[PDB]
Amino acid sequence: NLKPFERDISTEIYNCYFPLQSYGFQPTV
Amino acid sequence: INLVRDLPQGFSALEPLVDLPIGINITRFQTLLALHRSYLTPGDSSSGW
């Protein structure tokens, strides 16, 4: 997909699925 | 070398000075300027280029 040392702001199409993902205060994990 | 016709002849030692870790890819470069003068030093410049 992408190589290191790299950034990206507005996640263009890679249509797609539900994007985000959280490491919440639900640590049981 | 006093010759001012073109690029030179000779064998020039070249050594590094500085590195700065930016961390992203580049594929374009240039340089740009501005050339606004008046007083300067040479008589009456008034250089309409």
# chains A, B, ... in the order shown; residues from 1 in each chain; ligands from 1
call {"tool": "interface_residues", "arguments": {"of": "chain A", "to": "chain B", "cutoff": "10 Å", "atoms": "only C-alpha atoms", "output": "VMD selection string"}}
result
chain A and resid 4 to 7
call {"tool": "atom_distance", "arguments": {"atom1": "atom CA of residue 1 of chain A", "atom2": "atom CA of residue 14 of chain A"}}
result
8.8 Å
call {"tool": "atom_distance", "arguments": {"atom1": "atom CA of residue 33 of chain B", "atom2": "atom CA of residue 19 of chain B"}}
result
24.7 Å
